[PDB]
Protein chains: 4
Amino acid sequence: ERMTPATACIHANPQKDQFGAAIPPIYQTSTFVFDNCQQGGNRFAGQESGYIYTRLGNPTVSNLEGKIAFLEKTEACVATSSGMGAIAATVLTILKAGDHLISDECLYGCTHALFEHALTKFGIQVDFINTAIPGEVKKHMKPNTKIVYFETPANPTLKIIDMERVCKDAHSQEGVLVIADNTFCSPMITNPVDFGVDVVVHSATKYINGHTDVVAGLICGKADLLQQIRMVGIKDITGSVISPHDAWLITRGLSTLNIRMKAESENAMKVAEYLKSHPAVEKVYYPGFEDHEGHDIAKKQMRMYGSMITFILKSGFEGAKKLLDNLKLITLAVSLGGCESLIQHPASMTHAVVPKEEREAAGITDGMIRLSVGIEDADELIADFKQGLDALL
Amino acid sequence: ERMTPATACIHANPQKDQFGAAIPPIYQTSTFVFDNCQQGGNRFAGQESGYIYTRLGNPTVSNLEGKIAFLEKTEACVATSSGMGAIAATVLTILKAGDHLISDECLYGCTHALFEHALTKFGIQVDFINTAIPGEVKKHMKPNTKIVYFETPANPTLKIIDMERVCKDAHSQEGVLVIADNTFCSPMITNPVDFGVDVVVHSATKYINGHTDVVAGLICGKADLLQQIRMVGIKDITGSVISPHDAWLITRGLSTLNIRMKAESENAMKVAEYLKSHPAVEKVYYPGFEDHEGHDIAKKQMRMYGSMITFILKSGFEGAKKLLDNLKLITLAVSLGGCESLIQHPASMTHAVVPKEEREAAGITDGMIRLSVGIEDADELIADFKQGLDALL
Amino acid sequence: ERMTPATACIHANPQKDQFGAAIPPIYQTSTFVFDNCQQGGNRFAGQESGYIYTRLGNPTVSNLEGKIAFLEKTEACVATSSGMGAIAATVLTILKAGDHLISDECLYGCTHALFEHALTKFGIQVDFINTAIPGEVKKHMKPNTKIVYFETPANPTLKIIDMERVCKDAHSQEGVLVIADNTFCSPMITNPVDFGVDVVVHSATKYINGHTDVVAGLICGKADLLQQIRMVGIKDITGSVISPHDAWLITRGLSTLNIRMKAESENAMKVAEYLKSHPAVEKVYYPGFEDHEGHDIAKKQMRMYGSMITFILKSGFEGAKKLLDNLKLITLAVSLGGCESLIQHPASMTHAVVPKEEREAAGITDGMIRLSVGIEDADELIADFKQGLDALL
Amino acid sequence: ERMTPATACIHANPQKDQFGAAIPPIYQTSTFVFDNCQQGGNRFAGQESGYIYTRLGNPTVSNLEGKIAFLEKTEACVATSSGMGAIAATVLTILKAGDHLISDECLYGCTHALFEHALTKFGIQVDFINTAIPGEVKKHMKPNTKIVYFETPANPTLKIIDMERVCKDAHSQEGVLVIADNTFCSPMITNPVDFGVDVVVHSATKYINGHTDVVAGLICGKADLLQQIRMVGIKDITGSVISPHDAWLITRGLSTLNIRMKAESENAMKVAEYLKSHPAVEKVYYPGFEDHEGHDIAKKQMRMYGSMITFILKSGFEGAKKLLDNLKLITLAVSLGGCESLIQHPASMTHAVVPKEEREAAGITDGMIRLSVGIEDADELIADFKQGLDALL
């Protein structure tokens, strides 16, 4: 049997340091010395291994990358200095003016604007559609279609998308790449390549680093395509070069990934169920609910049902502000996936950049509240919510 | 009188830390806690100051930014996670399919690829010209021209370009931006806005950090434009987000920037003079030489002549490899601007990515060597060249 | 009710950062600016709060300190740059030539040397006894006795020591301090002040940081005593000043301390049971065994039974080397308490500094192996032991 | 010729990393993996090279150490987590109850209390005398004398001590070790072993790191004595283990040591001379003054006259507070040796811990002001002083 995920977030891609450091050292160096001119020109030509310069590759960054590639069961991984840089380095390597991209319409807010406003201006065409309806991706393909893109569960309604059926329709013509943002599951919950996906991206900012102190992105997929994302999309187009220091912080955060993912998913099931029972609460979205739309597809794709919860209060937006301003243990902030529980209001904060219409066409409402459950004691978490929620009743 | 450069690289844009920390702390945090929901919505809407999320701004990175904006005399500065990222976020926010771009043909290798290959698949038109020749700029101006771009001295030949002349030609038409990559000078030798330039970019991986351990970029210019570059170039298109830990290190490196540039320049003039006298060397390009073409222009534009030297051996390619393989003190690696002296072979190494005819048209021959002098003892530096060179003869 | 341990390792001693940073910043500053001379003189005289100089206190190190003091229920905590430094600063502030010290003979190797060799050249008297035997403490008490010291479970045999009994004997005379090294439990399994202990020390290089990349110590106890240890032990005698960067990393590591200790313990009980059943093993010392001597005491004193296991092979010294040289998943190195499982041979490695008769009197034989279980998959851990062990037979 | 100091703060003790990192990586690891049991027991026995555990030694820390050892022309160097830890690890390895220590009476304030109050309590005898008078060390020796200790120039009056004459008297009986704290000169200004000293210590906090963000100490001297300071004074007594991260910050700061020392010494000569001419100023102490006491000995021992200045205003202590509170570029804080200029009042701040009598017996007055000149533009520095000083007249 393959190393388990639990063992592998600590031991996959073992490094060999010359002094036998238990924890591989930090390669904070912009540049690497050649033994001679012929070796440097050989590396430059892609004909000899070894390092050259940190925008092109770095040993600490490669350690993280081979550990992520193993956990995602992909041939290679390229690390970048933010989830947006991973998204952008991948699609601006693959696309040129005249190509076509299809995307799910419920996306993180900044992915939506990269697709809607920048790819648009570089002559690329995009469709935003609900990729969860059976058949919509095939109805929107054209000869020139190159990428189909989605996030599941989606940020932030937690909509579920049947990846395998999206793939089957996208690969029904040649030359189409399916890209899935797996930030909200992490590689402990889902491996998108299992279902036909070609490329898997992450905001490592969230669960993978898990400690709210690093911004970073990851690209996982085949070696030859990622070699072109490295030499074109990283080298030249985005310049999104992860600091070797932050890469070594994310390997450190990775090694408790499996224990954090289980504990956050167990705490989140308790909290979502508590919330769903409270009288001030109207509606709770959580992929583990049997009444969730796409539950059954979520169960086939997800090993655990995650730590994201989204819910709506019967007091709407003003109720939301009150709950939120009065919480004491839960933290008001954007981002998600850390050890501590965070909460925010997506229409005034993360999805504010997307025009209301476009929000609501996707299902983003003005009363939604988005919660990312940490590893605090579940009863204290429920109790912070009880006190905030009782105050609205 | 303005705070001098030598004081300002330590004291411009002073911080106010609540504990009075002498060295402002490292914000190695991905996100920021709102006091209440309103403040959150306000910050997102640009109505209230404060921090939100490290892809969008962070106090350690603002400190470095305001210190560089002061030193380049610009209203603002945006820091990035590589010099390519500063260039790309800059030109990808400005241009859109259909615009036109004029650049100096002699550029860093990687920028030339971005501009020849990337830009052009995005529907941008590009021409590479000699902006150092009177009239070439105005003759290539087109109605859709948006950027005129160049480096002086140029990488790797050290060509001098008359900034003031290029700017008056580019700005003879409305709506053009002149962008100068000021890496090789640093804000201590040149402030390109003094000459009419509108946007100044840097690879802060070179002299500004000065310690060869950080890869980062900087963008300097008007608040208006740089707010657009921060919300579009950085936030969505490149995702080139600097690590706060690396920003702090650059800030640190920045504080010796004045004494390192003077000491590097002093050393360089001695080493350049020594190379010039040596019978194995055909040519030495240095901006301080009296005969260096554009020496009066170099003199009006540079407070110091820099630590870059480029030279060509009479034995060409095979003599350059021999000399670079027997150097014992000067270090063989790409990059430049560190405390230690570095050297490389442009044609096979930093510019091997440029089709040979383009290198040749810009004067990059295969007998050419590029040297960045650091702060070792100038007599030990000359002695390394003496033994290596005498072994050639 | 008190904030639970599981919440408090993330939220006790909350910080107030001026920008609302989610993760309080790294004060990597040696010194602090006074607003005026008076405030400077006031701070130095203890009349005004604030910071002066990182040998004397730093906000990142106070944050870690107050979080540990909360978790051990002590009024204060002083962090140091190694577990030895916490022990030394502690006992060197208390004692003076002429005092007497009583310690458990089974100690970490290095503490035993400090106490047998260092203390005694300084004119301190020391006796090493079995504090686990009823009456030994009171029988060695002397009028000049100042400290009674011990570790439970002990390093490396896992002897349990009845804290409550040792404290009532030591405190039957006035003026004695009981000091417990709580490293092997961590504040999540045991709070030794609950039992009458007066001073709790840790090697935070072990479970509290939990990631094997930091060497640091902690001292926990009354404000009075620890103010003396900070101004004398730390400031003048040891100079064991923690790096703010390493403090911040420990804080970071601390936030998973609860889920790592539970997961380590769960794993350990399975691995200990497996070793116990194996025909090549003569004996397994684990605190959770029903037959483990002092299992009722271990049970009153520990919330979990820990991840330390010590075992003796029926083949002695030569069988221990063979097994430790063919282990593929468990890592051979000294130290313990990390996410990865570590193992070593006490007699030739952590305790080889102890004259052999003293090791032997404390039960350290040469067939003994010490194991610290981490958070890998328990079935892969047992399978490594199975192949290594079966190769012995 | 030996590598010059200028070249050697960058290139002495060159490291060989397996990937040819231009800047050796950071070994942030508590622990090192053995290839087998026999290798670990061999290292533990001092019979085989390689690493074991970071309290005992670490490759990044060793890089700094060999670079300091080369610049101080000593066989070895041991790095510690504060200057006090270096002082204390050296003298608590060498001394035992019954020994005798002679020290100069003008010392940093915390060295004075370690000698006066802690060594005293561990049965060691100490004499505080003025070691600058010809003959005083010999008059105070006894059979049991083991160490003679001093700082020159002294902190903070800048008193000069003729090291060679102190050595000649201390080595006039066998078994005596001369220890000189060379913090205020740095190895660019003085090598104390030139004059007969056996052991040289530093607060690396000051000039050597040079960037006010690291607390650390260094011990330089023979290999066999430093091997005992490592295995006893570091391992066991002080536990003063430098973080490998801060050691790599101090190597980074080291590489501009020679350019910073020259620039701070040139700026300090200008500033001291300016101060000496101002009408509100009464007395200025600067080793470069020809009327300094011990000038001629300072000239033989010091290559440059340093950046420390101490001066007294005719308005005494209240004048001091006013000047200081009104300075704008100079920073009010303790510590010294950074890139930025710092200033403080030694009797209410650094030497307040020493009883007035003892201060003044040494020459510390209540009007002294102690300044450590950075690398700002000298005219702006003089101008900040002019504006503060004119306000007193």
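- As stated in the entry header, the method of structure determination is X-ray crystallography and the reported resolution is 2.18 Å.

- Going by the annotation in the PDB entry, the name recorded for chain A is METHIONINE GAMMA-LYASE, with Trichomonas vaginalis given as the source organism.
- For this entry, the PDB record gives the title as "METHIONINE GAMMA-LYASE (MGL) FROM TRICHOMONAS VAGINALIS".
- Checking UniProt for chain A, the heading Cofactor (unreviewed entry) contains the comment "pyridoxal 5'-phosphate".
- Recorded in UniProt under Pathway (unreviewed entry), the annotation for chain A is "Amino-acid biosynthesis; L-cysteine biosynthesis; L-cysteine from L-homocysteine and L-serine: step 2/2."

## Observations regarding the relation of the copies chain A and chain B
- Laying chain A over chain B is done by rotating through 180° and shifting 0.1 Å along the axis; what remains is an RMSD of 0.4 Å. The relationship between the two copies is best expressed as a two-fold rotation axis.
- Interface overlap between copies is the fraction of interface residues in one copy that are interface residues in the other; for chain A against chain B it reaches 97%, indicating a shared surface.

## Focus: helix α9 (residues 244-254) of chain A
- Counting buried residues in α9 of chain A gives eleven out of eleven residues, a clear majority hidden from the surface.
- Looking at α9 of chain A, one finds that the buried residues are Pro244, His245, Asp246, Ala247, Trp248, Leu249, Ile250, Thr251, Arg252, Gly253 and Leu254 of chain A.
- In this fold, the buried residues of α9 of chain A make contact with α1 (5-11), α3 (59-72) and α10 (257-276) of chain A, α9 (244-254) of chain B together with α9 (244-254) of chain C.

## Focus on the interface of chain A and chain B
- The partner chain B presents 66 residues to the 65 residues of chain A that form the contact.
- Elements supplying a minimum of two residues to the side of chain A that touches chain B: α2 (37-44), α4 (83-94), α5 (109-121), α8 (223-238), α9, α12 (316-326) and β10 (331-332) of chain A.
- Class assignment of the residues belonging to the side of chain A that touches chain B gives a composition of 30 nonpolar, 24 polar and eleven charged.

## Examining the packing of aromatic side chains
- For the structure on display, the rule yields 26 aromatic pairs over all chains.
- Their ring planes at 90° and their centres at 5.8 Å tell us that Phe311 of chain B and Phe385 of chain B sit as a pair that is edge-to-face. Taken together, the residues span a long stretch of sequence, with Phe311 of chain B in strand β9 (residues 308-313) and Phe385 of chain B in helix α14 (residues 378-392) at a distance of 74 residues.
- Given the relative accessible area of 0%, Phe311 of chain B is considered buried.
- A network of ring pairs unites the aromatic residues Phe19 of chain A together with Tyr27, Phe32 and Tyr51 of chain D as a single cluster.
- Directly above the aromatic system of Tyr108 of chain A lies the positively charged group of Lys206 of chain A, at a separation of 5.7 Å from the ring centroid.
- The residue whose ring lies beneath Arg2 of chain D is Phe70 of chain D, and the NZ or CZ to ring-centre distance is 3.9 Å.

What counts and what doesn't
- Residues numbered from 1 in each chain as written, not as in the entry; some residues may be left out.
- Chains lettered and ligands numbered in written order.
- Heavy atoms only, no water.
- Residues with missing side-chain atoms left out of burial classes, pairs and counts.
- UniProt positions renumbered as here; feature names shortened; annotations may be inferred.
- Least-squares fit on C-alpha atoms.
- Contact = heavy atoms within 4.5 Å.
- Buried < 20%, exposed > 50% of the residue type's maximum accessible area, 1.4 Å probe, protein only.
- Helix = DSSP H or I, 4+ residues; strand = E, 2+ residues; numbered from the N terminus.
- Nonpolar A, V, L, I, M, F, W, Y, C, P; charged D, E, K, R; others polar.
- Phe/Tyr/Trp six-rings, centres within 6.5 Å; stacked < 30°, edge-to-face > 60°.
- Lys NZ or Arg CZ within 6 Å of the ring centre and 35° of its normal.

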